[PDB]
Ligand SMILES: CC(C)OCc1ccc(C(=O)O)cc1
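Shown below, as C-alpha cells, is a lone chain in the form deposited without the named molecule; questions about how it binds or moves come after it.
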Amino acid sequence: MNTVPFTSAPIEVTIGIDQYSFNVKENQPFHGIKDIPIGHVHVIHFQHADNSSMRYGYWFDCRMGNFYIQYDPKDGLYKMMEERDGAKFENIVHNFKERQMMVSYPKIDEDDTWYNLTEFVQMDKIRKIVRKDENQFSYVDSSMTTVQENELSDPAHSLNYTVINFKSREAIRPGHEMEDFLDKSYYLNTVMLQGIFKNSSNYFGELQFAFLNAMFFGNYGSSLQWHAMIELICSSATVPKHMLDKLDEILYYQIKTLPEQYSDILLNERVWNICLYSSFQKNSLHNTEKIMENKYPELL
C-alpha cells in the first residue's frame, strides 16, 4: 500500500483522492494519504476553500516513483513532486504514519468502483494526452482546453485527446458519404480502433480518462471527448460484441458514480437520448439504460 505524503497544508482546501474527498483547514497538521491501492492510476485533486476556480490535480501511479505534495506559496497551489532519495522518502512516510497525521485511502473491501472507472486507464497513455515528459505524474485542471477545442491557444498546456469529428475527411471515405455518415463503423473500426488506438483497450482507456477529468475537474473539453467516444460506438452498426458488453459496464459505473447534482452540466441530452433510444446500439446497453432511466429520467 503506497503513500503520498504532504509537506504541509498552509491553505484551507478540499482534497480529493480518486472518488473520495476531505476538507483540510489552513495549517491543519495534515501530512498526506496512506494505504493507496497499488495496481491502479490515482488522481489527487484540490479545490481551494477561498477560490473554487482553483480546481486541479495530479494523475499518478505509485509503482512509477515516490510522490509527495508541497504547497508553493508563489504559484499558489499544491504541487506534486517526485522524491528521488528512496530512504529519505521511506523515513518521511514512517514518521508521519507513526504520528498518525495521514488519512487512510478509505476503500471498502467489496467496492470495485475505482477499478471499474479506471479498468483501461494506463499512466503511459495519460502521459501522451497530458505532455510534460520531465514528470512521471500528470497535471490536469478545470480550464485546460483540448487540441480539438484549440482548432475551432497554448499548445504545451493542452489535453491531446484523439480528435473525433463526424464531418471530417477522416470520418468519411470519398464515395461512401451517406453510408459512413449514417453508419460510423468504418471510422470506429478502421480509422480509430485499427488505425489510431490499435485496440479497444486504448480506446476505452481514453474514454474513461476523459470522463474522470470531466467529473473531477469539470473540464468541459473532457466531457465533449467522453460523449464523442460514446457516440462514435453507438452510431456504428458493426461493433465487436465484447466492446458493446464492456461499454455497457464502463458507462454503468460512470453514471453510477456521477454526483446526482452535476447530472445537468456533465450529461449531454442529445447524445444520451440518441445512444439509448435511436442509435444502432439502442438495445445493447441494458445496464446503462436501466441506471440512466432510474437515476436521470428528466434528462431523457
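Rigid core (definition): largest C-alpha set, two forms, superposition within 1.5 Å. Shifts are known only where both forms have a C-alpha. A residue's number is simply how far along the shown sequence it sits, counting from 1.
Not pictured, yet referred to below: the form solved in complex with the named molecule.
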_Residue-level contact is defined here as any heavy atom of the residue lying within 4.5 Å of the named molecule in the entry with it bound; does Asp183 satisfy this criterion?_
no
- [ ] With heavy atoms only and a cut-off of 4.5 Å, decide whether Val191 touches the named molecule in the entry with it bound.
- [x] no
Could you tell me if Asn2 has a non-hydrogen atom within 4.5 Å of the named molecule in the entry with it bound? no
Exercise: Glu110 in contact with the named molecule in the entry with it bound, heavy atom 4.5 Å: no
Contact check, 3-32 vs the named molecule in the entry with it bound, heavy atom within 4.5 Å, ordered by sequence, gives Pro5, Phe6, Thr7, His31
Moved regions between the shown form and the other one after rigid core superposition (C-alpha shift of 2 angstroms or more, 3 or more residues per run) are 96-99
